[PDB]
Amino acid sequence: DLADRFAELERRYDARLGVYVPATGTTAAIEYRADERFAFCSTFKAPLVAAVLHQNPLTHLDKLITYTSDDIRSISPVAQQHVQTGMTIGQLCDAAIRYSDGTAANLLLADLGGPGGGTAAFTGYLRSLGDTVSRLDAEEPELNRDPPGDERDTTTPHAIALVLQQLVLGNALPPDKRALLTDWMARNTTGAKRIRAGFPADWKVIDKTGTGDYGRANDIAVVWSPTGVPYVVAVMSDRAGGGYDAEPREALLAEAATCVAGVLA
């Protein structure tokens, strides 16, 4: 039984674990704490980019965005460099997904616009996809810091997996926008030790990671079998037992994915 295996992992890492894989043709949904809330962390950045793509003509990608020193207030491996030149929307999407740049994310939030620096429009984008559970309330760095249990800035394995399914595999976006999102996620640089480590090499994996305080570590993926059958995999965890400075534990997500890969194979 999968639930027995997920529970052992929780004991091993002193963690809380959530897992969701929607049903397909022939496979039942895999669910474990799938409706408990977990911090989004950097994982909102995948549907944030979709929201931005959806809202604008493709050539909006070429629009140059300028920003300064006081706009850098979280891990931002790409944006820290180009504060002189500015960055285009396309570059910002690229960094937000592949590098989980937080400044890219804040700037895309502002591009989307409206109250909460764009956090209301982000959340309404999710509503339009039938997700009535997720909420974004703060931008970077504040969104990774809410105490354990607190509903702000949370989604559920169940909710984000249905979002991601619509985004990459359904018709939420037109195909040309769909392919852009899909390809940034394919080229992600931060997930090697997460869902990716759980599936064999001949499976395609695309993903968006997240990491936060209280030992938070997440990964949302779409994976394709060697014969091209897709599944959506959402893994979320935290370790409230360590307190604010608990270490996230990637190996936890890689072990849970392997458990899921052995079922799906």
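Don't overthink the numbering: it's just position in the shown sequence, from 1.
For the two regions 78-86 and 191-199, the entry's Cα B-factors average higher over 78-86. Stretch comparison (212-220 versus 27-35) by mean CA B-factor in the PDB entry places 27-35 on top. Which of 93, 107, 143, 160 has the largest Cα B-factor in the deposited entry comes down to 143. Per-chain ranking of the deposited C-alpha B factor places residue 56 in the middle third. Among the modelled residues of its chain, residue 45 has a C-alpha B-factor that falls in the lowest third, as given in the PDB entry. Residue 243: CA B factor in the middle third of modelled residues in this chain (values from the PDB entry). Remark: residue 124 belongs to the lowest third of its chain, ranked by C-alpha B-factor as recorded. Sort the modelled residues of the chain by CA B factor and residue 170 lands in the middle third.
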